[PDB]
file my_file08.pdb (PDB, C-alpha atoms)
ATOM      1  CA  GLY A 187       0.000   0.000   0.000
ATOM      2  CA  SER A 188       1.084   3.666   0.050
ATOM      3  CA  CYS A 189       3.691   4.725   2.641
ATOM      4  CA  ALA A 190       4.703   1.042   2.453
ATOM      5  CA  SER A 191       8.252   2.057   1.445
ATOM      6  CA  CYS A 192       8.286   5.002   3.892
ATOM      7  CA  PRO A 193       5.700   4.374   6.662
ATOM      8  CA  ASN A 194       7.560   6.824   8.931
ATOM      9  CA  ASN A 195       7.146   9.658   6.387
ATOM     10  CA  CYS A 196       3.923  10.302   4.434
ATOM     11  CA  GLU A 197       2.681  13.900   4.131
ATOM     12  CA  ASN A 198      -0.128  12.645   1.864
ATOM     13  CA  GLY A 199       0.884   9.156   0.702
ATOM     14  CA  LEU A 200       4.217  10.473  -0.620
ATOM     15  CA  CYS A 201       7.544   9.952   1.181
ATOM     16  CA  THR A 202       9.008  13.168   2.640
ATOM     17  CA  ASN A 203      12.630  12.042   2.137
ATOM     18  CA  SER A 204      13.772  13.769  -1.081
ATOM     19  CA  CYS A 205      17.238  14.787   0.165
ATOM     20  CA  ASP A 206      20.090  13.218  -1.830
ATOM     21  CA  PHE A 207      22.518  13.974   1.022
ATOM     22  CA  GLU A 208      23.103  12.233   4.354
ATOM     23  CA  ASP A 209      24.906  13.403   7.511
ATOM     24  CA  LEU A 210      27.927  11.119   7.902
ATOM     25  CA  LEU A 211      28.146  12.389  11.501
ATOM     26  CA  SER A 212      25.202  12.623  13.931
ATOM     27  CA  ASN A 213      26.747  15.825  15.315
ATOM     28  CA  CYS A 214      26.189  17.781  12.084
ATOM     29  CA  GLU A 215      23.547  19.959  13.751
ATOM     30  CA  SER A 216      26.001  20.376  16.645
ATOM     31  CA  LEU A 217      28.996  21.010  14.348
ATOM     32  CA  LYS A 218      26.971  23.581  12.384
ATOM     33  CA  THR A 219      26.535  25.851  15.410
ATOM     34  CA  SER A 220      30.196  25.228  16.314
ATOM     35  CA  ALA A 221      31.239  25.726  12.670
ATOM     36  CA  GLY A 222      28.632  26.356   9.955
ATOM     37  CA  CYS A 223      26.929  24.315   7.220
ATOM     38  CA  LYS A 224      28.553  26.610   4.635
ATOM     39  CA  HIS A 225      31.846  25.410   6.154
ATOM     40  CA  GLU A 226      33.752  23.065   3.811
ATOM     41  CA  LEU A 227      34.044  20.358   6.501
ATOM     42  CA  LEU A 228      30.255  20.143   6.869
ATOM     43  CA  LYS A 229      30.217  20.153   3.069
ATOM     44  CA  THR A 230      31.737  16.626   3.096
ATOM     45  CA  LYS A 231      30.105  14.744   6.036
ATOM     46  CA  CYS A 232      27.240  17.150   6.846
ATOM     47  CA  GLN A 233      26.235  17.639   3.205
ATOM     48  CA  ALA A 234      22.602  16.921   4.159
ATOM     49  CA  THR A 235      22.662  19.314   7.128
ATOM     50  CA  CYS A 236      24.048  22.040   4.822
ATOM     51  CA  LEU A 237      22.992  21.230   1.242
ATOM     52  CA  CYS A 238      19.727  19.701   2.539
ATOM     53  CA  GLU A 239      17.801  19.643   5.834
ATOM     54  CA  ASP A 240      15.471  16.620   5.787
ATOM     55  CA  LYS A 241      13.030  19.382   4.787
ATOM     56  CA  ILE A 242      13.107  21.850   1.873
ATOM     57  CA  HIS A 243      11.095  25.093   2.108
TER      58      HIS A 243
END
call {"tool": "encode", "arguments": {"input": "my_file08.pdb", "output": "structure tokens"}}
result
Amino acid sequence: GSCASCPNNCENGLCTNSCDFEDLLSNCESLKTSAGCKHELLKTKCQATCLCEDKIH
């Protein structure tokens, strides 16, 4: 059924995960405040926290 491939994310039957980036480190949100997503370091392991955000406005 719908949401079958993404039961934890379904705004209306569609998955909400469209980010092609992933945070290699779980401290990306923490490193961002201590560094910055624009920072080159976050640009390699925190590409999703900088280039994406699990949510695009």
call {"tool": "resolve_selection", "arguments": {"input": "my_file08.pdb", "expression": "the PyMOL selection byres ((chain A and resi 223) around 12)", "output": "MDAnalysis selection string"}}
result
chainID A and resid 209 213:222 224:239
call {"tool": "residues_around", "arguments": {"input": "my_file08.pdb", "residues": "residue 187 (chain A)", "least_positions_apart": "5", "cutoff": "12 Å", "atoms": "all atoms listed in the file", "output": "VMD selection string"}}
result
chain A and resid 192 to 193 196 199 to 200
call {"tool": "residues_around", "arguments": {"input": "my_file08.pdb", "residues": "residue 203 (chain A)", "least_positions_apart": "2", "cutoff": "7 Å", "atoms": "all atoms listed in the file", "output": "number ranges by chain"}}
result
A: 201, 205, 240
call {"tool": "build_atoms", "arguments": {"input": "my_file08.pdb", "residues": "region 218-234 of chain A", "atoms": "N, CA, C and O atoms", "output": "PDB file, in the coordinates of the input"}}
result
ATOM      1  N   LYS A 218      27.415  22.357  13.105  1.00  0.00           N
ATOM      2  CA  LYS A 218      26.971  23.581  12.384  1.00  0.00           C
ATOM      3  C   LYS A 218      27.054  24.793  13.308  1.00  0.00           C
ATOM      4  O   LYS A 218      27.640  25.803  12.970  1.00  0.00           O
ATOM      5  N   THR A 219      26.481  24.702  14.471  1.00  0.00           N
ATOM      6  CA  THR A 219      26.535  25.851  15.410  1.00  0.00           C
ATOM      7  C   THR A 219      27.988  26.096  15.823  1.00  0.00           C
ATOM      8  O   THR A 219      28.400  27.217  16.046  1.00  0.00           O
ATOM      9  N   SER A 220      28.769  25.055  15.920  1.00  0.00           N
ATOM     10  CA  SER A 220      30.196  25.228  16.314  1.00  0.00           C
ATOM     11  C   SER A 220      31.022  25.599  15.081  1.00  0.00           C
ATOM     12  O   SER A 220      32.135  26.078  15.188  1.00  0.00           O
ATOM     13  N   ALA A 221      30.487  25.383  13.910  1.00  0.00           N
ATOM     14  CA  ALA A 221      31.239  25.726  12.670  1.00  0.00           C
ATOM     15  C   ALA A 221      30.312  26.454  11.697  1.00  0.00           C
ATOM     16  O   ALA A 221      30.281  27.667  11.640  1.00  0.00           O
ATOM     17  N   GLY A 222      29.558  25.719  10.929  1.00  0.00           N
ATOM     18  CA  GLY A 222      28.632  26.356   9.955  1.00  0.00           C
ATOM     19  C   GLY A 222      28.417  25.407   8.780  1.00  0.00           C
ATOM     20  O   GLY A 222      29.352  24.835   8.253  1.00  0.00           O
ATOM     21  N   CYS A 223      27.195  25.230   8.362  1.00  0.00           N
ATOM     22  CA  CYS A 223      26.929  24.315   7.220  1.00  0.00           C
ATOM     23  C   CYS A 223      27.711  24.796   5.998  1.00  0.00           C
ATOM     24  O   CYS A 223      28.258  24.010   5.251  1.00  0.00           O
ATOM     25  N   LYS A 224      27.786  26.083   5.798  1.00  0.00           N
ATOM     26  CA  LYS A 224      28.553  26.610   4.635  1.00  0.00           C
ATOM     27  C   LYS A 224      30.005  26.142   4.752  1.00  0.00           C
ATOM     28  O   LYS A 224      30.721  26.044   3.775  1.00  0.00           O
ATOM     29  N   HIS A 225      30.442  25.863   5.950  1.00  0.00           N
ATOM     30  CA  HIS A 225      31.846  25.410   6.154  1.00  0.00           C
ATOM     31  C   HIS A 225      32.157  24.248   5.208  1.00  0.00           C
ATOM     32  O   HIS A 225      31.304  23.443   4.894  1.00  0.00           O
ATOM     33  N   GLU A 226      33.376  24.163   4.745  1.00  0.00           N
ATOM     34  CA  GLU A 226      33.752  23.065   3.811  1.00  0.00           C
ATOM     35  C   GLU A 226      33.683  21.712   4.526  1.00  0.00           C
ATOM     36  O   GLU A 226      33.280  20.718   3.953  1.00  0.00           O
ATOM     37  N   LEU A 227      34.081  21.657   5.769  1.00  0.00           N
ATOM     38  CA  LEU A 227      34.044  20.358   6.501  1.00  0.00           C
ATOM     39  C   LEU A 227      32.618  19.811   6.511  1.00  0.00           C
ATOM     40  O   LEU A 227      32.382  18.663   6.188  1.00  0.00           O
ATOM     41  N   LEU A 228      31.662  20.622   6.861  1.00  0.00           N
ATOM     42  CA  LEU A 228      30.255  20.143   6.869  1.00  0.00           C
ATOM     43  C   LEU A 228      29.849  19.816   5.437  1.00  0.00           C
ATOM     44  O   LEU A 228      28.927  19.068   5.189  1.00  0.00           O
ATOM     45  N   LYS A 229      30.537  20.393   4.498  1.00  0.00           N
ATOM     46  CA  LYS A 229      30.217  20.153   3.069  1.00  0.00           C
ATOM     47  C   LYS A 229      30.654  18.745   2.644  1.00  0.00           C
ATOM     48  O   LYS A 229      30.428  18.343   1.522  1.00  0.00           O
ATOM     49  N   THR A 230      31.293  17.994   3.509  1.00  0.00           N
ATOM     50  CA  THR A 230      31.737  16.626   3.096  1.00  0.00           C
ATOM     51  C   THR A 230      31.050  15.539   3.942  1.00  0.00           C
ATOM     52  O   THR A 230      30.736  14.476   3.441  1.00  0.00           O
ATOM     53  N   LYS A 231      30.793  15.786   5.204  1.00  0.00           N
ATOM     54  CA  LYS A 231      30.105  14.744   6.036  1.00  0.00           C
ATOM     55  C   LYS A 231      28.732  15.270   6.463  1.00  0.00           C
ATOM     56  O   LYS A 231      27.840  14.515   6.792  1.00  0.00           O
ATOM     57  N   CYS A 232      28.554  16.566   6.453  1.00  0.00           N
ATOM     58  CA  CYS A 232      27.240  17.150   6.846  1.00  0.00           C
ATOM     59  C   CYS A 232      26.566  17.727   5.605  1.00  0.00           C
ATOM     60  O   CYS A 232      25.828  18.691   5.669  1.00  0.00           O
ATOM     61  N   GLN A 233      26.831  17.142   4.475  1.00  0.00           N
ATOM     62  CA  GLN A 233      26.235  17.639   3.205  1.00  0.00           C
ATOM     63  C   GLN A 233      24.713  17.749   3.329  1.00  0.00           C
ATOM     64  O   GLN A 233      24.108  18.656   2.796  1.00  0.00           O
ATOM     65  N   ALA A 234      24.084  16.844   4.022  1.00  0.00           N
ATOM     66  CA  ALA A 234      22.602  16.921   4.159  1.00  0.00           C
ATOM     67  C   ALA A 234      22.224  18.046   5.122  1.00  0.00           C
ATOM     68  O   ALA A 234      21.247  18.737   4.928  1.00  0.00           O
TER      69      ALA A 234
END
